[PDB]
């Protein structure tokens, strides 16, 4: 076993760190002066443009698919660097990557050739969005006997018709609410949407994923794709994650990602499980930022006393705790992503690992930010330090990308309950 980093891993770090310091630090001045989420999002476009220019969107796509992603570790290193400085635009890069996952993971080169084209070109500002979450929630979307997704699709001739609403999917509306360049819309298949899901058919066999470009939207009546709102968020105040209403929305069959049923469900599950492992890099960034800021403070400031604040035991205790939290977190992300990349390991193992990582790193990041604030004291509470931003931004991570309570612990529980569950397969083998 080996923890040393390769030159390209060390270079990716230099690269991202450079891009955040020289480019993203300037982001704040443009967005702050806007009135709402949408405007704050729009004011980000130049910085997303610059990330495309730096090859960061191309780096969200595997090399064999023409992208430049070298490994999921490389990715982990890059995301931590971005988020330790500015979660604005950074968040848009990762929402795009999630939007690309269902295509990256489908086993179909002509779909991948087509839809991945803009995102690997090194130009424009193409966005992507995995449109899953809904106003009524999704933690139970696969419960047998329940509602199921309220966004439904049905086949009508040689095209599909979507009906219902999505909430929260980042980038869904694109820069101008004429849609994301590529959006994967997850649907429950139902003939008559005014009839409830059959309580006797396993909801997993009823899942469809329809791709929706700006063109699909243009080829529809203006009212079939309505944007009802844009939630005002506590943190990450520059992302966009609109409310959206499909009313008789027509989608070409050439746009269906795969045969409906368990294969579609499985792609979504595989897409969300991989980001689940990556989200921890995001969390580690925000919390690294809190720790480092607090560290520096405790080492230069006596707070009215004779010695530096770090020389008090309880102040040290907090910084110790934050540090352990960060270290263990980054170790677990690296373990998780490496596990997803091991071809010899059963999926359940890869899934169990990814949930742990998402659960631990995200829960523990919050703790870390708060402790850092406590060590610093009253000064952390004012907007001339980072913490007020960091406080709101960190609280997103345990709730999003599938909440820990409702989704992540549930998926893990399920795997642990199976007869053939091997707790240490990721570490010791079968």
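Numbering follows the first chain given and starts at 1.
Judged by mean Cα B factor in the deposited record, 219-227 ranks above the other of 219-227 and 316-324. For the two regions 51-59 and 372-380, the entry's Cα B-factors average higher over 51-59. Highest C-alpha temperature factor among 361, 386, 34, 404 per the entry: 34. You'll see in the entry that, of 79, 290, 333, 116, the Cα B factor peaks at 116. Residue-level temperature factors show residue 168 in the middle third of its chain, judged at the C-alpha atom. Split the chain's modelled residues into thirds by C-alpha temperature factor. Residue 412 is in the lowest one. Annotation for residue 83: CA B-factor lies in the lowest third of the chain's modelled residues. In this PDB entry, residue 141 carries a Cα temperature factor that places it within the lowest third of its chain's modelled residues.
Compared with the other modelled residues of the chain, the Cα B-factor recorded for residue 350 ranks in the lowest third.
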